[PDB]
Amino acid sequence: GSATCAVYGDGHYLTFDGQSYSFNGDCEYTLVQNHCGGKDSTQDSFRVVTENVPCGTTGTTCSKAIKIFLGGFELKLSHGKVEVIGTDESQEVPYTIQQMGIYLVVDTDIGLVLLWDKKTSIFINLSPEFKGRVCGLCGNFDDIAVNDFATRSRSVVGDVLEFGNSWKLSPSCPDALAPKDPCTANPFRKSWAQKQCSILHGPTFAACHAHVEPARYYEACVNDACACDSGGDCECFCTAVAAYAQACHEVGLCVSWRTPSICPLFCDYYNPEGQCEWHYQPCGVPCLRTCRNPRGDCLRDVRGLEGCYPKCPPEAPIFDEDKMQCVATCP
Amino acid sequence: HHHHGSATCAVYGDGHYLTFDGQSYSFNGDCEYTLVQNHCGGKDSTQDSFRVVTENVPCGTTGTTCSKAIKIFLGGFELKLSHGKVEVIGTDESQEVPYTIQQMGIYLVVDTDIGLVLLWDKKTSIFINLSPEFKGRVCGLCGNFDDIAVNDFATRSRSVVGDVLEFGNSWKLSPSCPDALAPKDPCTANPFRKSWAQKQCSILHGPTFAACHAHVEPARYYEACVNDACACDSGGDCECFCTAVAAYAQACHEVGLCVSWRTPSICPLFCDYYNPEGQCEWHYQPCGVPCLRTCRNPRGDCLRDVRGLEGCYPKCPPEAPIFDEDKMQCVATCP
Amino acid sequence: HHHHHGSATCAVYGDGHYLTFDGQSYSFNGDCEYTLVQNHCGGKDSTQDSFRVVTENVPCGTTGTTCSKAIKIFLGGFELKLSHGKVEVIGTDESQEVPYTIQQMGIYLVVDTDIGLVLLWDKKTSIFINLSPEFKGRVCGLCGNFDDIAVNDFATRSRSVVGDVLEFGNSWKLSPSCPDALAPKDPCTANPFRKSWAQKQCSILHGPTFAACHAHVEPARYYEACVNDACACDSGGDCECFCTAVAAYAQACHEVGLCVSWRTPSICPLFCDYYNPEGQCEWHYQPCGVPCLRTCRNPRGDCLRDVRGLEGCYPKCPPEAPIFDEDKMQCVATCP
Amino acid sequence: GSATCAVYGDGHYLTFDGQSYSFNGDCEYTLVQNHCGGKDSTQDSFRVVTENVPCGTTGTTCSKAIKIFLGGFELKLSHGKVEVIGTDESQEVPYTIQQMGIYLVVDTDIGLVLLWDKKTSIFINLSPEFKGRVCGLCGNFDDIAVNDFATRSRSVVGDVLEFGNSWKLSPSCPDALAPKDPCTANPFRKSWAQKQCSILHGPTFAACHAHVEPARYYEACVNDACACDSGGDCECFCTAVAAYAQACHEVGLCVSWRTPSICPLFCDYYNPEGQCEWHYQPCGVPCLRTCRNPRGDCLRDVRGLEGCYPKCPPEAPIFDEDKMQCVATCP
Ligand SMILES: [Ca+2]
Ligand SMILES: [Ca+2]
Ligand SMILES: [Ca+2]
Ligand SMILES: [Ca+2]
């Protein structure tokens with residue numbers, strides 16, 4: 001059905017076709033190109049652009065900002081803040097911004113939806129219609145995995161570094177280079193990294209191990225924890241584990257991996273004084289009664305979510321999107 | 001506000017000590033060091049042994065150690081605190097238990113019957129709250145408890161020594177263990193972490209602790225936060241920062257002022273995890289619940305002695321209000 | 001706000017008995033005003049805020065003795081006058097926060113000041129003064145100079161020691177126009193017929209119930225005080241005279257730490273059940289005096305208990321609603 | 001209906017037929033004698049005599065101990081206790097002693113009821129069966145007020161002193177003399193006496209002022225307060241006020257006046273710790289089931305028994321006449 005491309009952590013990319021690799025560079029790159037070859041007709045113009053900056057001793061880079069071109073609308077994402085720098089006289093809002101759980105989801109009627117975590121991880125979900133007519137970091141969107149290493153031109157080069165360098169926004173940004181092992185660079189952190197990422201091999205994800213392999217995710221976790229010594233290693237570990245959790249939720253499984261000791265949430269903070277209406281749902285609550293989407297409306301899309309959700313009481317059951325409360329009716 | 005007649009020794013982070021009389025200093029050394037002793041030798045004025053010892057261990061590549069295991073020997077009993085669990089190594093023939101273990105909030109409250117109550121968070125920090133009864137009878141790393149700060153460096157030799165390192169090594173336990181040295185500058189050792197350290201520790205200068213800024217200074221605590229963040233380069237810097245800020249938070253709450261600082265962005269708490277399915281009995285309390293009806297406290301009795309028991313507590317409904325001291329639930333009654 | 005645990009006690013009760021902070025005791029009387037406690041000691045200003053207390057003493061019988069009728073407090077421009085169990089506020093500027101916190105406690109109208117001084121009033125010629133140690137060696141007046149020595153008292157307003165109690169009182173009197181005082185005849189000699197009744201009433205001091213305090217506080221001086229105050233007081237209400245005389249010794253015993261339950265339905269009774277809500281029994285006599293309560297002014301967790309020994313009727317809140325609603329006379333579960 | 005005499009304070013009297021006066025003298029006086037002529041009259045003889053010992057330096061006598069004789073049964077009463085001396089194993093003990101309220105009450109099957117407050121005050125209740133048959137200081141019960149002051153040998157004189165001296169018992173006791181003014185003797189106490197006894201004119205007795213005049217009771221209060229100079233004027237003041245309250249409650253009016261300011265009680269003292277079963281009942285408790293008092297015995301004994309009362313909780317509702325507790329059932 002709908003495809004999925006994942007970008008997270010220290011240059012970890014998952015193509016639409018399932019291919020994975022690593023690539024880091026202090027430059028802007030296009031995760032997906034709509035008008036591959038400038039086919040402006042019979043299609044809606046859109047783009048997804050990521051901004052990377054080095055975030056460690058080894059020089060590896062991580063995503064910091066997300067800029068999306070969308071039919072004459074340009075949106076800027078940075079530290080959980082959505083910004084608009086592009087609009088059109090049509091006055092219609094093609095995109096909808098929602099805060100479902102920890103994720104900040106933007107959906108457009110054209111069939112595209114981005115599951116952008118507020119910190120550093122971005123997920124792309126595309127309708128099957130755009131199969132075979134998009135290209136870029138996320139792949140060419142067909143059933144064949146090998147051909148996805150195609151440059152900005154139609155030429156196919158097997159070098160991961162060459163493929164990454166080809167899709168740079170401007171020649172001004174420097175060419176990327178193959179990174180050394182952060183674990184080798186900082187062997188002292190290796191033991192702590194292994195102990196932290198051992199949860200991926202723990203009993204918590206044993207159920208998901210059947211449908212999704214943890215090996216690549218395990219080495220990604222340990223490498224990221226070895227790196228990002230400049231601060232917030234807990235953030236790196238949390239992002240890696242959250243990426244694995246979202247991958248598990250892709251197939252439909254649901255695991256409550258979060259504990260008060262590791263990567264905990266603060267659902268009680270959003271809770272109103274005295275009144276309790278918030279809980280953490282590992283699977284996510286689909287089709288909750290909001291102002292825009294009351295119980296009359298519903299959508300089984302964006303499968304796979306987690307975080308704090310408002311347990312609306314039966315009285316005043318419709319959630320207030322802009323007031324963060326449960327109300328009987330909405331404006 | 002201004003207070004007199006109570007004291008509490010504070011040890012947290014990497015060698016950050018706060019004596020009973022208010023002295024603050026840094027220290028290091030992979031050894032065991034006595035914390036407090038009342039007998040001050042063979043002289044026992046109808047008291048108990050009352051000896052608290054702490055074992056250190058280097059954490060990080062900068063040669064800076066942090067507290068990992070804490071043993072409290074009292075009346076022959078030996079209780080070891082490590083890996084977040086209370087362990088008892090020796091039980092005396094006196095069937096009367098001289099200590100009570102309660103998980104009040106995040107802290108692992110250890111309260112004794114002789115007016116001594118401990119405060120362990122299972123993570124490289126400890127607060128030794130002491131009754132004013134033992135005033136002037138305290139020999140150890142937490143000062144003389146004579147309400148004088150300068151003489152707290154009398155060392156085990158009982159001669160005042162200017163060097164904090166000499167003081168600590170005099171109070172050291174194992175002769176075979178190596179002597180301490182001057183700690184290296186952490187931020188100088190790891191320059192790249194300085195910006196992140198400042199960004200994290202800026203919370204102390206932020207508006208959240210505006211009320212505490214008037215009463216308790218944040219400068220030393222901010223310096224400790226920056227130092228620990230710079231030094232914690234062997235993983236788990238988030239825990240270092242959380243403990244550093246929590247020390248100042250508890251110090252502010254000790255004077256009586258209530259301050260809420262935890263946010264989902266910084267040092268979050270996940271007490272909804274303990275919440276039974278569809279109950280929401282637990283909630284967040286900055287000052288903590290002063291007292292509640294537990295299995296071990298079925299009466300509405302309230303000690304109300306220690307201050308600022310941070311964490312999340314269960315707001316039991318009026319039906320079945322007495323809490324379960326063992327099964328973590330709001331039950332109708334206890335055995 | 002926060003007050004230190006250390007304290008010193010000065011007491012005055014009945015027909016003009018006094019108890020200095022140092023421990024010195026002396027009998028005195030006079031129809032004048034007297035600065036019991038002086039902060040600046042004659043205009044010598046310091047960093048600490050200036051405060052001063054004074055009492056109005058009127059004749060209280062036909063033997064010439066005087067008992068403290070009205071208590072006047074001066075601190076930071078604020079003037080508090082106490083009379084007939086009420087509190088008169090005269091000096092008050094709203095540009096500054098009120099420094100005192102009046103709060104009824106047992107049979108005492110506890111008025112607390114943020115400086116470090118708390119005052120206890122019995123509404124019947126009885127005053128208890130508690131002072132923070134930070135004022136040691138700085139205060140002066142009838143309550144003493146607050147040092148370890150006791151015989152070095154009788155420090156006149158002229159910063160001189162005269163030794164004679166009468167001359168000390170005359171020099172530390174306030175009103176210049178008011179006449180000189182003098183030790184009068186023995187009231188028991190004046191009214192010998194009441195001597196037997198006085199002995200019968202005050203025998204409780206030598207009674208078995210005070211044997212525990214006998215080893216800590218010598219009742220002999222208190223016995224003489226009780227006998228003398230039972231004598232005179234001929235203008236009516238001798239029961240109040242005897243009750244406050246006994247209560248002085250009881251409070252002195254409570255200051256040591258010992259607890260005595262001396263009140264019986266026959267001698268100095270208290271009508272605790274009067275304050276009890278209809279069909280409910282929460283008020284109960286507490287000889288010790290409960291150190292702290294759960295109120296709106298004092299929240300559930302707050303238990304500031306610097307002062308001890310406040311005997312009186314006290315509401316024992318039910319466990320379901322342990323928080324007491326002061327000024328509402330009920331126990332609840334929350335405060336606004 | 002049933003007659004009622006009363007004696008209280010310094011020789012203040014109120015006959016059954018409403019005559020009110022004052023008297024004094026340190027001598028035994030026959031309050032009530034069942035035989036006017038002293039003959040058998042085909043009826044057992046009951047005789048009640050008190051001793052008005054001097055009370056106060058001013059020279060006014062007041063009752064201290066009260067002696068009661070009937071059929072060889074003597075119950076010396078003093079110091080708040082019953083001291084039975086005279087008794088007869090024949091027939092059956094014709095008296096039961098109870099302590100309802102503050103009052104100590106002894107009742108006889110013949111219809112004569114005595115109320116004692118243990119402090120210089122006595123109240124008599126007599127059935128109408130004895131009307132026109134009794135003689136004593138309390139006056140002959142014949143519904144006539146003028147025919148009172150009946151001296152011995154059935155003679156009437158206008159001198160209260162001579163009437164009392166005729167009814168005197170001790171041959172050698174001194175003759176009574178006209179009382180002086182205690183307030184004139186002690187003008188200093190007069191201000192306090194007036195201020196304290198002004199409670200009678202206060203609003204708390206407004207509901208009873210119309211039914212019974214307070215002027216005589218106020219005069220008695222002020223005179224006794226002036227007279228009381230040996231220590232304990234509170235006692236005589238409380239006795240006067242309680243006498244007026246009992247006179248009011250005899251009519252049926254229900255008045256509550258006890259407050260910690262004036263004449264306080266100590267009901268809590270009887271209450272055991274954690275057992276607040278005792279309470280103050282100014283109006284009296286008509287129905288009780290204390291031990292000998294049968295369970296569910298909601299009948300009437302006397303009206304106006306003001307005092308602390310042990311309100312029994314519903315469980316174990318039988319109060320203990322000797323233990324001061326609520327038991328299930330006394331033997
Ligand atoms: Ca492909
Ligand atoms: Ca010291
Ligand atoms: Ca002195
Ligand atoms: Ca008649």
# chains A, B, ... in the order shown; residues from 1 in each chain; ligands from 1
$ residues_around --residues "range 36-46 of chain B" --least-positions-apart "3" --cutoff "8 Å" --atoms "only C-alpha atoms" --output "PyMOL selection string"
chain B and resi 49-53+134+137-142
$ write_last_selection --atoms "N, CA and C atoms" --output "PDB file, in the first residue's frame"
ATOM      1  N   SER B  49      26.054   3.294  67.099  1.00  0.00           N
ATOM      2  CA  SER B  49      27.297   3.425  66.347  1.00  0.00           C
ATOM      3  C   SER B  49      27.237   4.611  65.393  1.00  0.00           C
ATOM      4  N   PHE B  50      26.164   4.700  64.607  1.00  0.00           N
ATOM      5  CA  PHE B  50      25.865   5.885  63.802  1.00  0.00           C
ATOM      6  C   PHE B  50      27.043   6.253  62.901  1.00  0.00           C
ATOM      7  N   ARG B  51      27.380   5.345  61.990  1.00  0.00           N
ATOM      8  CA  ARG B  51      28.452   5.566  61.031  1.00  0.00           C
ATOM      9  C   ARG B  51      27.918   5.339  59.624  1.00  0.00           C
ATOM     10  N   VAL B  52      28.093   6.336  58.763  1.00  0.00           N
ATOM     11  CA  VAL B  52      27.695   6.266  57.362  1.00  0.00           C
ATOM     12  C   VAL B  52      28.962   6.335  56.524  1.00  0.00           C
ATOM     13  N   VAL B  53      29.161   5.343  55.666  1.00  0.00           N
ATOM     14  CA  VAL B  53      30.339   5.282  54.814  1.00  0.00           C
ATOM     15  C   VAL B  53      29.893   5.311  53.360  1.00  0.00           C
ATOM     16  N   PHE B 134      22.033  15.668  68.121  1.00  0.00           N
ATOM     17  CA  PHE B 134      23.435  15.294  67.964  1.00  0.00           C
ATOM     18  C   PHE B 134      24.359  16.488  67.790  1.00  0.00           C
ATOM     19  N   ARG B 137      28.413  16.792  68.300  1.00  0.00           N
ATOM     20  CA  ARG B 137      28.925  15.445  68.525  1.00  0.00           C
ATOM     21  C   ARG B 137      29.195  14.726  67.210  1.00  0.00           C
ATOM     22  N   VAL B 138      29.302  15.466  66.114  1.00  0.00           N
ATOM     23  CA  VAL B 138      29.383  14.886  64.779  1.00  0.00           C
ATOM     24  C   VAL B 138      30.824  15.012  64.306  1.00  0.00           C
ATOM     25  N   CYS B 139      31.470  13.874  64.073  1.00  0.00           N
ATOM     26  CA  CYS B 139      32.796  13.822  63.470  1.00  0.00           C
ATOM     27  C   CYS B 139      32.688  13.074  62.150  1.00  0.00           C
ATOM     28  N   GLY B 140      33.082  13.728  61.062  1.00  0.00           N
ATOM     29  CA  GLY B 140      33.011  13.092  59.760  1.00  0.00           C
ATOM     30  C   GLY B 140      33.187  14.102  58.644  1.00  0.00           C
ATOM     31  N   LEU B 141      32.839  13.667  57.434  1.00  0.00           N
ATOM     32  CA  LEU B 141      32.984  14.486  56.239  1.00  0.00           C
ATOM     33  C   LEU B 141      31.922  15.570  56.125  1.00  0.00           C
ATOM     34  N   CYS B 142      30.894  15.544  56.971  1.00  0.00           N
ATOM     35  CA  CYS B 142      29.813  16.518  56.919  1.00  0.00           C
ATOM     36  C   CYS B 142      29.965  17.623  57.956  1.00  0.00           C
TER      37      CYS B 142
END
$ residues_around --residues "residue 290 in chain B" --least-positions-apart "4" --cutoff "8 Å" --atoms "only C-alpha atoms" --output "compact mmCIF listing (two decimals) with N, CA, C and O atoms, in the first residue's frame"
# COMPACT_ATOMS: atom_id res chain seq x y z
N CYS B 302 1.22 12.33 60.65
CA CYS B 302 2.04 13.04 59.66
C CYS B 302 3.34 13.45 60.35
O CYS B 302 3.34 14.27 61.27
N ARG B 304 5.98 15.10 58.89
CA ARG B 304 6.15 16.49 58.48
C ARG B 304 7.47 17.07 59.00
O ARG B 304 7.52 18.14 59.61
N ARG C 300 -1.63 21.72 55.47
CA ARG C 300 -1.60 20.36 55.98
C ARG C 300 -0.19 19.94 56.39
O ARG C 300 0.00 19.29 57.43
N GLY C 301 0.81 20.30 55.59
CA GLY C 301 2.17 19.90 55.90
C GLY C 301 2.89 20.82 56.87
O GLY C 301 3.86 20.40 57.51
$ residues_near_ligand --ligand "ligand 3" --cutoff "7 Å" --atoms "only C-alpha atoms and all ligand atoms" --output "ChimeraX atom specification"
/C:22,144-153
$ residues_near_ligand --ligand "ligand 1" --cutoff "6 Å" --atoms "only C-alpha atoms and all ligand atoms" --output "number ranges by chain"
A: 17, 139-142, 144-148
$ closest_atom_pairs --of "chain B" --to "chain A" --cutoff "7 Å" --atoms "only C-alpha atoms" --output "JSON lines"
{"residue": "B:192", "atom": "CA", "partner": "A:230", "partner_atom": "CA", "distance": 5.9}
{"residue": "B:193", "atom": "CA", "partner": "A:230", "partner_atom": "CA", "distance": 4.9}
{"residue": "B:196", "atom": "CA", "partner": "A:231", "partner_atom": "CA", "distance": 5.9}
{"residue": "B:233", "atom": "CA", "partner": "A:229", "partner_atom": "CA", "distance": 6.7}
{"residue": "B:234", "atom": "CA", "partner": "A:189", "partner_atom": "CA", "distance": 5.1}
{"residue": "B:235", "atom": "CA", "partner": "A:192", "partner_atom": "CA", "distance": 6.0}
{"residue": "B:236", "atom": "CA", "partner": "A:234", "partner_atom": "CA", "distance": 6.7}
{"residue": "B:237", "atom": "CA", "partner": "A:232", "partner_atom": "CA", "distance": 6.7}
{"residue": "B:238", "atom": "CA", "partner": "A:234", "partner_atom": "CA", "distance": 6.3}
{"residue": "B:263", "atom": "CA", "partner": "A:269", "partner_atom": "CA", "distance": 6.8}
{"residue": "B:264", "atom": "CA", "partner": "A:266", "partner_atom": "CA", "distance": 4.9}
{"residue": "B:268", "atom": "CA", "partner": "A:266", "partner_atom": "CA", "distance": 5.4}
{"residue": "B:269", "atom": "CA", "partner": "A:266", "partner_atom": "CA", "distance": 5.3}
{"residue": "B:270", "atom": "CA", "partner": "A:260", "partner_atom": "CA", "distance": 5.2}
{"residue": "B:272", "atom": "CA", "partner": "A:279", "partner_atom": "CA", "distance": 6.8}
{"residue": "B:273", "atom": "CA", "partner": "A:260", "partner_atom": "CA", "distance": 6.9}
{"residue": "B:280", "atom": "CA", "partner": "A:276", "partner_atom": "CA", "distance": 6.8}
{"residue": "B:283", "atom": "CA", "partner": "A:268", "partner_atom": "CA", "distance": 6.7}
{"residue": "B:284", "atom": "CA", "partner": "A:268", "partner_atom": "CA", "distance": 6.8}
$ decode --residues "range 164-251 of chain A" --atoms "C-alpha atoms" --output "CSV table (one decimal), in the first residue's frame"
chain,number,residue,atom,x,y,z
A,164,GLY,CA,24.5,11.5,-1.4
A,165,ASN,CA,26.7,14.2,-2.9
A,166,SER,CA,24.8,14.3,-6.2
A,167,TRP,CA,21.5,15.5,-4.5
A,168,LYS,CA,23.1,18.5,-2.8
A,169,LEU,CA,21.0,21.7,-3.2
A,170,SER,CA,24.0,23.8,-4.2
A,171,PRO,CA,27.6,23.2,-5.2
A,172,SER,CA,28.7,25.7,-2.5
A,173,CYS,CA,28.2,23.1,0.3
A,174,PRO,CA,31.3,20.8,0.6
A,175,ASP,CA,31.5,17.3,-0.6
A,176,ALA,CA,30.9,14.6,2.0
A,177,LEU,CA,33.5,12.1,3.2
A,178,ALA,CA,33.4,8.6,4.6
A,179,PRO,CA,33.1,8.8,8.4
A,180,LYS,CA,35.4,6.9,10.8
A,181,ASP,CA,33.9,4.7,13.4
A,182,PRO,CA,32.8,6.8,16.4
A,183,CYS,CA,33.1,3.8,18.7
A,184,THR,CA,36.8,3.5,17.6
A,185,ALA,CA,37.2,7.2,18.0
A,186,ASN,CA,35.8,7.1,21.6
A,187,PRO,CA,36.2,3.5,22.9
A,188,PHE,CA,35.4,4.6,26.5
A,189,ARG,CA,31.8,5.3,25.6
A,190,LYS,CA,31.5,1.9,23.9
A,191,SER,CA,30.5,0.0,27.1
A,192,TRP,CA,27.9,2.5,28.1
A,193,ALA,CA,26.5,2.6,24.5
A,194,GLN,CA,26.3,-1.2,24.5
A,195,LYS,CA,24.6,-1.3,27.9
A,196,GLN,CA,22.0,1.3,26.8
A,197,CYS,CA,21.2,-0.2,23.4
A,198,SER,CA,21.0,-3.7,24.8
A,199,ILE,CA,17.3,-3.1,25.2
A,200,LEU,CA,17.0,-3.6,21.4
A,201,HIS,CA,18.2,-7.2,22.2
A,202,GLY,CA,16.1,-7.3,25.3
A,203,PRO,CA,12.8,-9.1,25.9
A,204,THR,CA,10.9,-5.9,25.2
A,205,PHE,CA,11.4,-6.1,21.4
A,206,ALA,CA,11.5,-9.9,21.2
A,207,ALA,CA,7.9,-9.8,19.8
A,208,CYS,CA,8.8,-7.3,17.1
A,209,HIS,CA,12.0,-9.3,16.3
A,210,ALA,CA,9.9,-11.7,14.3
A,211,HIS,CA,8.7,-9.1,11.8
A,212,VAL,CA,11.6,-6.6,11.9
A,213,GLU,CA,15.3,-7.3,12.2
A,214,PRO,CA,17.0,-5.3,15.0
A,215,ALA,CA,20.6,-5.9,13.8
A,216,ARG,CA,20.9,-2.8,11.7
A,217,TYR,CA,19.0,-0.7,14.2
A,218,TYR,CA,21.2,-2.1,17.0
A,219,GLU,CA,24.4,-1.1,15.3
A,220,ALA,CA,22.9,2.3,14.4
A,221,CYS,CA,22.0,2.8,18.1
A,222,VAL,CA,25.4,1.8,19.3
A,223,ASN,CA,27.2,4.0,16.7
A,224,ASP,CA,25.0,7.0,17.5
A,225,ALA,CA,25.6,6.6,21.3
A,226,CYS,CA,29.3,6.3,20.6
A,227,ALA,CA,29.0,9.6,18.6
A,228,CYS,CA,27.1,12.7,19.7
A,229,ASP,CA,29.4,13.1,22.7
A,230,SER,CA,29.0,16.9,22.4
A,231,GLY,CA,25.9,16.5,24.6
A,232,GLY,CA,22.5,14.9,25.0
A,233,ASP,CA,23.5,11.2,24.3
A,234,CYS,CA,20.2,10.4,25.9
A,235,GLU,CA,18.5,12.2,23.0
A,236,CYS,CA,20.5,10.1,20.5
A,237,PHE,CA,19.5,6.9,22.2
A,238,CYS,CA,15.9,7.9,22.5
A,239,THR,CA,15.7,8.9,18.8
A,240,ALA,CA,17.2,5.5,17.8
A,241,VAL,CA,14.8,3.5,20.0
A,242,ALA,CA,11.8,5.6,18.8
A,243,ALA,CA,12.8,5.0,15.2
A,244,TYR,CA,12.8,1.2,15.9
A,245,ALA,CA,9.5,1.6,17.7
A,246,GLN,CA,7.9,3.4,14.7
A,247,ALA,CA,9.3,0.7,12.4
A,248,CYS,CA,7.6,-1.9,14.6
A,249,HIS,CA,4.4,0.1,14.5
A,250,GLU,CA,4.6,0.1,10.7
A,251,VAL,CA,3.7,-3.6,10.5
